[PDB]
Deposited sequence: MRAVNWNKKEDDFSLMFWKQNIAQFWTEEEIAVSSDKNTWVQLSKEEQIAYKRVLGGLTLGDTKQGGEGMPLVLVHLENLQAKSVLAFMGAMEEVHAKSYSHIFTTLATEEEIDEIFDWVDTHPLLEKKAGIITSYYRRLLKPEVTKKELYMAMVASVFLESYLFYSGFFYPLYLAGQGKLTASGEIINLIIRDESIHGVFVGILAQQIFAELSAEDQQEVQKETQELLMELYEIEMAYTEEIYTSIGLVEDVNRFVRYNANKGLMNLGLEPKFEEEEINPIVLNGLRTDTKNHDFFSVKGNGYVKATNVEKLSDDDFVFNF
């Protein structure tokens, strides 16, 4: 039975991503959030509700990535150095999720926080979203999995990290780019800096598995990938309408979703499927 030997490369990229993930390490206590109170109170009820709802959605994403996606992808990898990177990423997913609670503690009361997490748990669209993603992970709860199933779990992971999350990062970046909630915005940037290299690395692993598949299996997962992409897109369009109508940003957010879906596709080595970033969001980055 093999132990991980870092003095013999198993691939050309794992050491680089290991070092980078380590270099980027951070935790919530680093960023103080209290000074955001001064711009929080200037927002409207509907804006505050939107912000709280998108942050609850982001927490759910990271909860599922740290507690389901990374563990079940990594346990079936044969490459022990890549496993190590994915284990570290999974731990950072939990740092992300905890950092949203740190923001909430400054911006909401205990009763309001419970209202957020109750709303997250019962929201039909969030349930549908996460349910579709996690169903690819649940296929991996058996002793022998096919490479098609592992490929598609990696596709689902890239789509969550690089794509389905970003309907949620839009609003924190949009406010930070206007100089509102900028401390919370520095936390979201740290998170994004992690998610970016997460999606890149899982996408590299996906392309390596893909190249081992037979031609018939390649055609089957390409079809499933394109379908999943547009299935999630449909649901996200419904989610964005529900969250952002009240504050006039539905069509901006949808443009941000399409941009990030294209990024996700490219992390997988695939061509873009939708035809620039909102300039205020760009300033928040």
What's missing from the model if you number the deposited sequence from 1?
276-277, 288-322
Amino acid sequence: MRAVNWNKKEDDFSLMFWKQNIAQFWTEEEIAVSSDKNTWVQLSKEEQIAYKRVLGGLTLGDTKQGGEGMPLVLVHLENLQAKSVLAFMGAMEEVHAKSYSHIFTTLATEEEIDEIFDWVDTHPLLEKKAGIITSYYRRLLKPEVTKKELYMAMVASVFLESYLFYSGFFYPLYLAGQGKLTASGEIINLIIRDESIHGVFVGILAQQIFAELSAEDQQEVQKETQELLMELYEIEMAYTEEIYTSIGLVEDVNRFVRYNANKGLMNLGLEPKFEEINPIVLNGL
From here on, numbers count along this sequence of modelled residues.
Average Cα temperature factor in the PDB entry - higher stretch of 27-35, 255-263:
27-35
When the C-alpha temperature factors are averaged for each of 87-95 and 165-173, which stretch ends up with the higher value in the entry?
165-173
Per the coordinate record, which of the options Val202, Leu150, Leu126, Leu190 holds the highest CA temperature factor?
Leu126
Based on what the PDB entry reports, which of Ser135, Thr106, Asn79, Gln207 has the top C-alpha B-factor?
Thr106
Entry-reported C-alpha B-factor of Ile197 relative to its chain, by third, is middle
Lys223: CA B-factor among chain residues, third -> lowest
In terms of the chain's CA B-factor thirds, is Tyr100 lowest, middle or highest?
middle
Cα B factor band for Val4 (lowest, middle or highest third within the chain)
lowest
Chain third (lowest, middle, highest) by recorded CA B-factor, residue given as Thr245:
highest
